[PDB]
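Structure first, then comments.
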Number of protein chains: 2
Amino acid sequence: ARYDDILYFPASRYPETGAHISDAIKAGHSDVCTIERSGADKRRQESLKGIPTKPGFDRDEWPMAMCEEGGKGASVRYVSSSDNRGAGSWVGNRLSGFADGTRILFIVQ
Amino acid sequence: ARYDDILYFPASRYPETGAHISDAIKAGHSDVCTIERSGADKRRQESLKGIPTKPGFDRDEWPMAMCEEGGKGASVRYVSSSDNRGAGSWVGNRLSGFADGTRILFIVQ
């Protein structure tokens, strides 16, 4: 199988983050996050190099920095801070129990 | 004087747009639009770089793209489409008689 677990991303709750994820996946970036937490600080810095903050927004990365698939080449878009914080918590809390190397398919619904 | 004419933005009719304008002005973005229409397409594209479209909402810029003050660094917020369409028409129509270079103070009432 190409994944170990599925997460159904709640676009109804977090529609802007959800739309970025869907957009990024329509564009060929991976729908699977292979959890890798030790190198996430580095990937974020790679994905966001040259992208400044914007007030009212967070810089959303897909694939995420906590995934082997993240870092350079990641799709980066501004998402309204409330939407992206809620998404970040939802995803963080749902992945916290899986070990590094667990392959998580994301389905945006 | 620092302006040539005043517009009293009708927050009762367009409260979401009005709220963004009021917030952005509180944040130090100019309360004066110096009308400049030739460069408006480019300012708009600059203010919205990396901000995706969102269904049911418009990307509202303050300062507006039709102002010298707009473009890079403009405050952007998603505003519901009905409120922002009506606002944009209200402003557009009330400024249509003024030449480029006219300085309009906005007061949100």
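Residue numbering restarts at 1 in every chain; chains get A, B, ... in the order shown in the structure tokens, and ligands count up from 1 in that same order.
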
Inset, instruction - Please determine the contact residues of chain B with respect to chain A at a cut-off of 12 Å, counting only C-alpha atoms, and supply them as a PyMOL selection string. - result: chain B and resi 20+23-24+27+47-57+59+72-79

For the residues in the current selection, export N, CA, C and O atoms as a tab-separated table (two decimals), in the first residue's frame.
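Generated output (again_13.tsv):
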chain	number	residue	atom	x	y	z
B	20	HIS	N	-12.53	46.51	7.45
B	20	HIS	CA	-11.20	46.35	6.94
B	20	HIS	C	-10.55	47.73	6.75
B	20	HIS	O	-9.41	47.97	7.17
B	23	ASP	N	-9.76	49.17	10.27
B	23	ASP	CA	-8.59	48.45	10.80
B	23	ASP	C	-7.26	48.82	10.15
B	23	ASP	O	-6.25	48.98	10.81
B	24	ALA	N	-7.26	48.92	8.82
B	24	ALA	CA	-6.08	49.20	8.07
B	24	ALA	C	-5.60	50.60	8.31
B	24	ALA	O	-4.43	50.83	8.40
B	27	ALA	N	-4.00	50.70	11.63
B	27	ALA	CA	-2.64	50.16	11.45
B	27	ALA	C	-1.61	51.03	10.75
B	27	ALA	O	-0.46	50.62	10.54
B	47	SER	N	-0.15	43.55	-4.58
B	47	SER	CA	-0.69	43.43	-3.22
B	47	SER	C	-1.16	41.99	-2.93
B	47	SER	O	-1.16	41.52	-1.76
B	48	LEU	N	-1.57	41.31	-3.99
B	48	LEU	CA	-2.23	40.01	-3.87
B	48	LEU	C	-1.34	38.81	-4.16
B	48	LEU	O	-1.83	37.68	-4.23
B	49	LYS	N	-0.04	39.06	-4.31
B	49	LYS	CA	0.91	38.02	-4.64
B	49	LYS	C	0.88	36.97	-3.55
B	49	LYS	O	1.05	37.27	-2.37
B	50	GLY	N	0.57	35.76	-3.96
B	50	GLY	CA	0.58	34.60	-3.08
B	50	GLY	C	-0.66	34.46	-2.24
B	50	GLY	O	-0.70	33.59	-1.37
B	51	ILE	N	-1.67	35.31	-2.50
B	51	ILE	CA	-2.99	35.20	-1.85
B	51	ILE	C	-4.01	34.65	-2.83
B	51	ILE	O	-4.33	35.29	-3.86
B	52	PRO	N	-4.48	33.40	-2.59
B	52	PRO	CA	-5.40	32.76	-3.53
B	52	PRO	C	-6.77	33.34	-3.46
B	52	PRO	O	-7.12	33.94	-2.43
B	53	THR	N	-7.55	33.10	-4.50
B	53	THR	CA	-8.96	33.48	-4.51
B	53	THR	C	-9.68	32.59	-3.50
B	53	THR	O	-9.23	31.48	-3.22
B	54	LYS	N	-10.80	33.05	-2.95
B	54	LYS	CA	-11.61	32.25	-2.01
B	54	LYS	C	-13.08	32.37	-2.37
B	54	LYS	O	-13.58	33.48	-2.44
B	55	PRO	N	-13.76	31.25	-2.60
B	55	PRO	CA	-15.15	31.34	-3.07
B	55	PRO	C	-16.07	32.05	-2.08
B	55	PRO	O	-15.97	31.83	-0.87
B	56	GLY	N	-16.95	32.91	-2.61
B	56	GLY	CA	-17.86	33.68	-1.77
B	56	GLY	C	-17.27	34.94	-1.17
B	56	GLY	O	-17.98	35.69	-0.46
B	57	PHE	N	-15.97	35.14	-1.41
B	57	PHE	CA	-15.26	36.32	-0.89
B	57	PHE	C	-14.42	36.98	-1.96
B	57	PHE	O	-13.93	36.34	-2.91
B	59	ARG	N	-10.82	39.46	-2.35
B	59	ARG	CA	-9.58	39.99	-1.74
B	59	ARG	C	-9.61	41.54	-1.74
B	59	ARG	O	-9.35	42.19	-2.77
B	72	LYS	N	2.29	47.06	-3.23
B	72	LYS	CA	3.09	46.34	-2.23
B	72	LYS	C	2.83	46.93	-0.86
B	72	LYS	O	2.81	48.16	-0.66
B	73	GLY	N	2.57	46.05	0.09
B	73	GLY	CA	2.39	46.47	1.46
B	73	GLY	C	0.96	46.78	1.81
B	73	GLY	O	0.71	47.05	2.96
B	74	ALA	N	0.05	46.80	0.83
B	74	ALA	CA	-1.37	47.08	1.11
B	74	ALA	C	-1.91	45.98	2.02
B	74	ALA	O	-1.52	44.77	1.86
B	75	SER	N	-2.72	46.38	3.01
B	75	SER	CA	-3.50	45.42	3.79
B	75	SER	C	-4.49	44.66	2.90
B	75	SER	O	-5.21	45.25	2.12
B	76	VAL	N	-4.51	43.33	3.04
B	76	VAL	CA	-5.44	42.50	2.28
B	76	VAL	C	-6.26	41.71	3.27
B	76	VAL	O	-5.76	41.20	4.26
B	77	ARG	N	-7.56	41.61	3.05
B	77	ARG	CA	-8.42	40.79	3.84
B	77	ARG	C	-9.48	40.22	2.95
B	77	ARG	O	-9.98	40.92	2.08
B	78	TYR	N	-9.84	38.94	3.17
B	78	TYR	CA	-11.04	38.39	2.53
B	78	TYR	C	-12.31	39.04	3.13
B	78	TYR	O	-12.50	39.15	4.36
B	79	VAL	N	-13.16	39.54	2.24
B	79	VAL	CA	-14.42	40.17	2.60
B	79	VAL	C	-15.52	39.54	1.80
B	79	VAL	O	-15.35	39.31	0.62

Report chain B as a compact mmCIF listing (two decimals) with N, CA and C atoms, in the first residue's frame in the frame of chain A, after least-squares superposition over all C-alpha atoms paired in order.
# COMPACT_ATOMS: atom_id res chain seq x y z
N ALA B 1 1.04 -1.21 0.26
CA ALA B 1 0.13 -0.03 0.10
C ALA B 1 1.00 1.18 0.11
N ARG B 2 0.49 2.30 -0.40
CA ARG B 2 1.31 3.53 -0.45
C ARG B 2 1.09 4.44 0.72
N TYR B 3 0.20 4.04 1.65
CA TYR B 3 0.03 4.79 2.90
C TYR B 3 -0.38 3.83 3.99
N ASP B 4 -0.14 4.29 5.22
CA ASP B 4 -0.44 3.57 6.43
C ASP B 4 -1.73 3.99 7.10
N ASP B 5 -2.06 5.27 6.98
CA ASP B 5 -3.30 5.81 7.57
C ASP B 5 -3.82 6.94 6.74
N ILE B 6 -5.10 7.25 6.90
CA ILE B 6 -5.74 8.39 6.22
C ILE B 6 -6.21 9.47 7.20
N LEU B 7 -6.08 10.72 6.81
CA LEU B 7 -6.69 11.87 7.47
C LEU B 7 -7.62 12.55 6.51
N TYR B 8 -8.83 12.84 6.94
CA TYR B 8 -9.82 13.52 6.11
C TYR B 8 -9.83 14.98 6.55
N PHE B 9 -9.15 15.80 5.77
CA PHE B 9 -8.98 17.17 6.15
C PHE B 9 -10.33 17.89 6.10
N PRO B 10 -10.68 18.62 7.16
CA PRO B 10 -12.05 19.22 7.22
C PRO B 10 -12.12 20.60 6.54
N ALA B 11 -12.36 20.60 5.22
CA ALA B 11 -12.36 21.85 4.44
C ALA B 11 -13.51 22.77 4.91
N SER B 12 -14.61 22.21 5.39
CA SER B 12 -15.67 23.02 6.01
C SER B 12 -15.27 23.86 7.21
N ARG B 13 -14.34 23.38 7.99
CA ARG B 13 -13.88 24.11 9.14
C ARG B 13 -12.73 25.04 8.76
N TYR B 14 -11.85 24.59 7.85
CA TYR B 14 -10.64 25.38 7.45
C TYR B 14 -10.59 25.45 5.94
N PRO B 15 -11.54 26.19 5.32
CA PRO B 15 -11.62 26.15 3.84
C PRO B 15 -10.45 26.76 3.06
N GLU B 16 -9.83 27.79 3.61
CA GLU B 16 -8.70 28.46 2.93
C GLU B 16 -7.48 27.54 2.92
N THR B 17 -7.16 26.98 4.09
CA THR B 17 -6.08 25.99 4.16
C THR B 17 -6.43 24.79 3.26
N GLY B 18 -7.66 24.31 3.35
CA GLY B 18 -8.11 23.19 2.55
C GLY B 18 -7.99 23.46 1.08
N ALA B 19 -8.29 24.70 0.66
CA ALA B 19 -8.14 25.07 -0.72
C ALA B 19 -6.71 25.02 -1.21
N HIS B 20 -5.75 25.44 -0.38
CA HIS B 20 -4.36 25.38 -0.72
C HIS B 20 -3.92 23.91 -0.84
N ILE B 21 -4.31 23.09 0.14
CA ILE B 21 -3.97 21.67 0.05
C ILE B 21 -4.55 21.07 -1.23
N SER B 22 -5.83 21.28 -1.51
CA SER B 22 -6.43 20.73 -2.72
C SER B 22 -5.72 21.19 -3.99
N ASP B 23 -5.47 22.49 -4.11
CA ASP B 23 -4.72 23.04 -5.25
C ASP B 23 -3.32 22.45 -5.43
N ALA B 24 -2.58 22.30 -4.33
CA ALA B 24 -1.25 21.82 -4.36
C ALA B 24 -1.20 20.37 -4.75
N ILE B 25 -2.15 19.60 -4.28
CA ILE B 25 -2.31 18.19 -4.68
C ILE B 25 -2.70 18.09 -6.17
N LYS B 26 -3.60 18.94 -6.64
CA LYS B 26 -3.92 18.99 -8.07
C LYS B 26 -2.67 19.30 -8.91
N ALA B 27 -1.78 20.14 -8.38
CA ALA B 27 -0.50 20.46 -9.03
C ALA B 27 0.60 19.41 -8.98
N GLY B 28 0.32 18.26 -8.36
CA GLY B 28 1.24 17.16 -8.33
C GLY B 28 2.10 17.03 -7.09
N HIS B 29 1.95 17.95 -6.11
CA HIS B 29 2.62 17.79 -4.83
C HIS B 29 1.95 16.60 -4.12
N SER B 30 2.71 15.87 -3.28
CA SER B 30 2.23 14.59 -2.78
C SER B 30 1.02 14.79 -1.89
N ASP B 31 0.10 13.86 -2.06
CA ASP B 31 -1.03 13.70 -1.13
C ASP B 31 -0.67 12.89 0.08
N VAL B 32 0.55 12.38 0.14
CA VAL B 32 1.02 11.57 1.27
C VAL B 32 2.06 12.32 2.01
N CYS B 33 1.89 12.46 3.37
CA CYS B 33 2.91 12.94 4.23
C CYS B 33 3.59 11.80 4.91
N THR B 34 4.89 11.63 4.69
CA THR B 34 5.66 10.66 5.46
C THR B 34 6.31 11.40 6.59
N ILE B 35 5.77 11.17 7.76
CA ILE B 35 6.13 11.97 8.94
C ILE B 35 7.63 11.91 9.24
N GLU B 36 8.18 13.11 9.37
CA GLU B 36 9.58 13.28 9.70
C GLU B 36 9.79 14.58 10.43
N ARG B 37 10.04 14.44 11.72
CA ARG B 37 9.96 15.57 12.59
C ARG B 37 11.34 16.18 12.88
N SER B 38 12.40 15.38 12.81
CA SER B 38 13.76 15.88 13.18
C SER B 38 14.25 16.97 12.24
N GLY B 39 13.87 16.89 10.97
CA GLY B 39 14.33 17.83 9.95
C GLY B 39 13.34 18.93 9.59
N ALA B 40 12.27 19.08 10.38
CA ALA B 40 11.16 19.99 10.05
C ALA B 40 11.51 21.49 10.08
N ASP B 41 12.30 21.91 11.07
CA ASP B 41 12.81 23.30 11.11
C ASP B 41 13.53 23.70 9.82
N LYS B 42 14.42 22.84 9.32
CA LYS B 42 15.17 23.08 8.06
C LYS B 42 14.35 23.05 6.79
N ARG B 43 13.40 22.13 6.71
CA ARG B 43 12.50 22.16 5.56
C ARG B 43 11.69 23.40 5.49
N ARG B 44 11.21 23.84 6.64
CA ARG B 44 10.39 25.03 6.71
C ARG B 44 11.15 26.24 6.20
N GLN B 45 12.36 26.40 6.73
CA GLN B 45 13.23 27.51 6.35
C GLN B 45 13.53 27.48 4.84
N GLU B 46 13.72 26.28 4.29
CA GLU B 46 13.93 26.08 2.86
C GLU B 46 12.74 26.43 1.99
N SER B 47 11.53 26.06 2.41
CA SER B 47 10.35 26.31 1.58
C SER B 47 10.00 27.81 1.52
N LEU B 48 10.38 28.50 2.59
CA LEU B 48 9.96 29.90 2.78
C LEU B 48 11.02 30.93 2.45
N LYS B 49 12.12 30.48 1.86
CA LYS B 49 13.23 31.35 1.53
C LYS B 49 12.74 32.43 0.59
N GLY B 50 12.90 33.66 1.04
CA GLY B 50 12.58 34.84 0.24
C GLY B 50 11.12 35.19 0.23
N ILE B 51 10.32 34.50 1.06
CA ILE B 51 8.90 34.83 1.26
C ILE B 51 8.70 35.50 2.61
N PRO B 52 8.37 36.81 2.61
CA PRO B 52 8.25 37.56 3.86
C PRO B 52 7.01 37.20 4.60
N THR B 53 7.00 37.52 5.89
CA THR B 53 5.80 37.36 6.71
C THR B 53 4.77 38.38 6.23
N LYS B 54 3.49 38.11 6.43
CA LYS B 54 2.42 39.07 6.07
C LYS B 54 1.41 39.15 7.19
N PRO B 55 1.15 40.36 7.71
CA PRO B 55 0.27 40.47 8.87
C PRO B 55 -1.14 39.94 8.62
N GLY B 56 -1.68 39.20 9.60
CA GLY B 56 -3.01 38.62 9.47
C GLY B 56 -3.05 37.30 8.71
N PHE B 57 -1.89 36.89 8.19
CA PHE B 57 -1.77 35.64 7.43
C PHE B 57 -0.59 34.82 7.88
N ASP B 58 -0.68 33.52 7.64
CA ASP B 58 0.44 32.58 7.81
C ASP B 58 0.92 32.11 6.44
N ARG B 59 2.20 31.80 6.33
CA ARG B 59 2.78 31.11 5.16
C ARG B 59 2.53 29.59 5.26
N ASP B 60 1.54 29.11 4.51
CA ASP B 60 1.12 27.69 4.52
C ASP B 60 1.90 26.91 3.49
N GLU B 61 2.50 25.79 3.90
CA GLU B 61 3.32 24.95 3.06
C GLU B 61 2.59 23.64 2.79
N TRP B 62 2.60 23.22 1.53
CA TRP B 62 2.19 21.85 1.19
C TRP B 62 3.18 21.34 0.13
N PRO B 63 3.87 20.20 0.36
CA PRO B 63 3.76 19.39 1.61
C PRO B 63 4.24 20.11 2.86
N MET B 64 3.75 19.64 4.00
CA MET B 64 4.07 20.27 5.28
C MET B 64 5.51 20.05 5.67
N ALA B 65 6.03 20.97 6.46
CA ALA B 65 7.42 20.87 6.90
C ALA B 65 7.70 19.59 7.71
N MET B 66 6.70 19.01 8.37
CA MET B 66 6.84 17.79 9.16
C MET B 66 6.80 16.53 8.33
N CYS B 67 6.91 16.65 7.01
CA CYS B 67 6.82 15.51 6.10
C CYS B 67 8.12 15.45 5.32
N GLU B 68 8.57 14.25 5.00
CA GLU B 68 9.77 14.05 4.19
C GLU B 68 9.63 14.80 2.88
N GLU B 69 8.38 14.89 2.41
CA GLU B 69 8.05 15.46 1.13
C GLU B 69 8.15 17.02 1.11
N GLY B 70 8.29 17.66 2.26
CA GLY B 70 8.25 19.09 2.34
C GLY B 70 9.61 19.68 1.98
N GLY B 71 9.78 20.93 2.34
CA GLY B 71 11.03 21.67 2.11
C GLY B 71 11.09 22.40 0.79
N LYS B 72 12.24 22.26 0.12
CA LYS B 72 12.43 22.88 -1.19
C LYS B 72 11.36 22.39 -2.14
N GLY B 73 10.74 23.33 -2.83
CA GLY B 73 9.77 22.99 -3.83
C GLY B 73 8.36 22.92 -3.30
N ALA B 74 8.17 23.00 -1.98
CA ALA B 74 6.81 22.95 -1.39
C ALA B 74 6.03 24.15 -1.91
N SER B 75 4.75 23.92 -2.24
CA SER B 75 3.81 25.01 -2.50
C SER B 75 3.62 25.88 -1.26
N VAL B 76 3.72 27.20 -1.44
CA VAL B 76 3.52 28.14 -0.34
C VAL B 76 2.40 29.08 -0.74
N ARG B 77 1.49 29.37 0.17
CA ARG B 77 0.46 30.34 -0.05
C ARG B 77 0.19 31.04 1.25
N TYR B 78 -0.05 32.36 1.19
CA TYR B 78 -0.58 33.06 2.36
C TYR B 78 -2.04 32.64 2.62
N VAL B 79 -2.31 32.25 3.86
CA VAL B 79 -3.62 31.83 4.31
C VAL B 79 -3.98 32.59 5.55
N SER B 80 -5.23 33.02 5.68
CA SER B 80 -5.59 33.82 6.84
C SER B 80 -5.30 33.06 8.14
N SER B 81 -4.82 33.81 9.11
CA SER B 81 -4.19 33.24 10.30
C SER B 81 -5.13 32.37 11.11
N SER B 82 -6.40 32.78 11.21
CA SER B 82 -7.38 32.01 12.01
C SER B 82 -7.58 30.62 11.43
N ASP B 83 -7.80 30.59 10.11
CA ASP B 83 -8.05 29.35 9.35
C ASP B 83 -6.81 28.45 9.47
N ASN B 84 -5.63 29.03 9.26
CA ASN B 84 -4.39 28.22 9.26
C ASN B 84 -3.93 27.72 10.66
N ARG B 85 -4.12 28.53 11.71
CA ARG B 85 -3.86 28.10 13.09
C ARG B 85 -4.67 26.87 13.44
N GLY B 86 -5.97 26.94 13.15
CA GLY B 86 -6.93 25.87 13.51
C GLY B 86 -6.59 24.62 12.72
N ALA B 87 -6.36 24.79 11.42
CA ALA B 87 -5.88 23.68 10.58
C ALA B 87 -4.61 23.01 11.13
N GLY B 88 -3.64 23.82 11.52
CA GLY B 88 -2.36 23.31 11.97
C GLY B 88 -2.50 22.52 13.24
N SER B 89 -3.35 22.99 14.14
CA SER B 89 -3.68 22.26 15.35
C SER B 89 -4.46 20.98 15.09
N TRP B 90 -5.49 21.06 14.23
CA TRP B 90 -6.24 19.87 13.83
C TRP B 90 -5.27 18.79 13.33
N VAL B 91 -4.35 19.16 12.43
CA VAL B 91 -3.47 18.16 11.84
C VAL B 91 -2.46 17.67 12.84
N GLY B 92 -1.87 18.62 13.57
CA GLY B 92 -0.83 18.36 14.54
C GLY B 92 -1.32 17.39 15.57
N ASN B 93 -2.52 17.64 16.08
CA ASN B 93 -3.03 16.80 17.14
C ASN B 93 -3.36 15.40 16.59
N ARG B 94 -3.92 15.31 15.38
CA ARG B 94 -4.30 13.99 14.81
C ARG B 94 -3.10 13.13 14.37
N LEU B 95 -1.96 13.74 14.13
CA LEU B 95 -0.72 13.03 13.81
C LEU B 95 0.22 12.74 14.99
N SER B 96 -0.06 13.30 16.17
CA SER B 96 0.86 13.27 17.33
C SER B 96 1.13 11.86 17.82
N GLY B 97 0.19 10.97 17.63
CA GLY B 97 0.37 9.56 18.04
C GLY B 97 1.16 8.67 17.05
N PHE B 98 1.41 9.17 15.84
CA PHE B 98 2.10 8.39 14.86
C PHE B 98 3.60 8.56 14.91
N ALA B 99 4.38 7.49 14.86
CA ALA B 99 5.84 7.55 14.73
C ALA B 99 6.33 8.16 13.43
N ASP B 100 7.52 8.78 13.45
CA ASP B 100 8.24 9.18 12.23
C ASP B 100 8.25 8.00 11.32
N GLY B 101 8.06 8.29 10.03
CA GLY B 101 8.07 7.24 9.01
C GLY B 101 6.69 6.77 8.62
N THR B 102 5.69 7.02 9.48
CA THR B 102 4.29 6.72 9.13
C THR B 102 3.86 7.59 7.94
N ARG B 103 3.18 6.93 7.01
CA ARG B 103 2.72 7.53 5.79
C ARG B 103 1.29 7.86 5.88
N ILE B 104 0.95 9.15 5.84
CA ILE B 104 -0.45 9.55 6.01
C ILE B 104 -0.99 10.08 4.67
N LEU B 105 -2.06 9.51 4.18
CA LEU B 105 -2.75 10.06 3.01
C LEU B 105 -3.72 11.15 3.52
N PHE B 106 -3.71 12.31 2.87
CA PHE B 106 -4.70 13.33 3.08
C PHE B 106 -5.73 13.41 1.98
N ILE B 107 -6.98 13.43 2.40
CA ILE B 107 -8.11 13.58 1.51
C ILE B 107 -8.85 14.83 1.98
N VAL B 108 -9.02 15.81 1.11
CA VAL B 108 -9.68 17.05 1.51
C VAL B 108 -11.18 16.88 1.19
N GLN B 109 -12.01 16.95 2.22
CA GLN B 109 -13.44 16.68 2.10
C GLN B 109 -14.24 17.94 2.42

Inset, instruction - Run DSSP on the backbone and give me the residues of stretch 1-97 of chain B it puts in alpha helix (DSSP H), as JSON, numbers by chain. - result: {"B": [15, 16, 17, 18, 19, 20, 21, 22, 23, 24, 25, 26, 40, 41, 42, 43, 44, 45, 46, 47, 81, 82, 83, 84, 85, 86, 87, 88, 89, 90, 91, 92, 93, 94, 95]}
